[PDB]
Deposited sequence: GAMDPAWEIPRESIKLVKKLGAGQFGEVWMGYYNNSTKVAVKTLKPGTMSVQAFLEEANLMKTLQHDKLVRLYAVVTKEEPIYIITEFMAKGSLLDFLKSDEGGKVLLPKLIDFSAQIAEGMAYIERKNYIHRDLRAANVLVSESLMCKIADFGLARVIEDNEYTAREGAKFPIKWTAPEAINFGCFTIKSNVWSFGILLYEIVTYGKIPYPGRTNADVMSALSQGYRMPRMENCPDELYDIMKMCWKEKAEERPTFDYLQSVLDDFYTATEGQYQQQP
């Protein structure tokens, strides 16, 4: 479309990450605008499936979601160009010495910002399916934005090399293949655990299979050290066995915007 831009109007400067399917760079569109560039490593992924993410981002545009700016899809090395988030992923940020100094009022603010982005996705009739701290990005001004739309779908299917985050996925989605906005709410509850514990892995020392088995037996993570009851009740609401009895993202954004600290 008019999402295509000439290659020359993009200068790649600093390599930020390397995956099996390519690379992530910080760069510049036309000298002016600071951007992030995702590079497709040829042949590993299809070019079709690599761009599936961008095509979805074309239609998914909100303040609390990382914005697409453009693509380069005319010759071999395929680029996806987006809004740049200075602080990197929320997970990595929480584990850093800086994030480890970020107190509970601001942590609850983080989660509310994410609940807002998810309220949009809900309202837009989409699902994310890959909602975790690793897939949220932090700006200089400490704004949290939902990233990584590889597994995202419109309601009523998986991209190449995909892989669901077992420990973040609702049991009904694992066992019955039932991905809905309500399975994202489960994920959000796990994301809340990640925020309050400063980027700790879900179910410490437990294997994915132990997790799957334990959940079918009615296990939920016990209240975490230094996490107020009111916050744990919100997590608990997200992990309700019966999907239909889990809250809306509109409710979560409201209640978290409403928790004073």
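Gaps between the deposited sequence and the modelled structure occur at positions 1-4, 161-164, 270-279.
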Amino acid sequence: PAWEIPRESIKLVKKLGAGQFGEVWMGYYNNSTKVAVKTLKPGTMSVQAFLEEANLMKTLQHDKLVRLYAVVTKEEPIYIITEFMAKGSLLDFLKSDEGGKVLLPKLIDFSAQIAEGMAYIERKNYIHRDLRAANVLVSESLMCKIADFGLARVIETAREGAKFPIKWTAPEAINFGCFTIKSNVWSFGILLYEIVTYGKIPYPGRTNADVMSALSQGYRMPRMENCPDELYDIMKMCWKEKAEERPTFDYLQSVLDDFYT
From here on, numbers count along this sequence of modelled residues.
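Checked against the other entries of this protein, residue 158 counts as unresolved in at least one third of those spanning it.
Here 45-53 and 225-233 are compared by their mean Cα B-factor, and 225-233 comes out higher.
When the mean C-alpha temperature factors of 35-43 and 201-209 are read from the deposited coordinates, 35-43 comes out higher.
Comparing the C-alpha B-factors of 182, 163, 123, 132 in the entry, the top value falls on 163. Between the residues 70, 60, 195, 66, the entry's highest C-alpha temperature factor is the one at 60. Per the deposited record, the Cα B-factor of residue 248 falls in the middle third when ranked against the other modelled residues of its chain. Per the deposited record, the Cα B-factor of residue 95 falls in the lowest third when ranked against the other modelled residues of its chain. Split the chain's modelled residues into thirds by C-alpha temperature factor. Residue 113 is in the middle one. Sort the modelled residues of the chain by CA B factor and residue 139 lands in the middle third. Annotation for residue 77: CA B-factor lies in the highest third of the chain's modelled residues.
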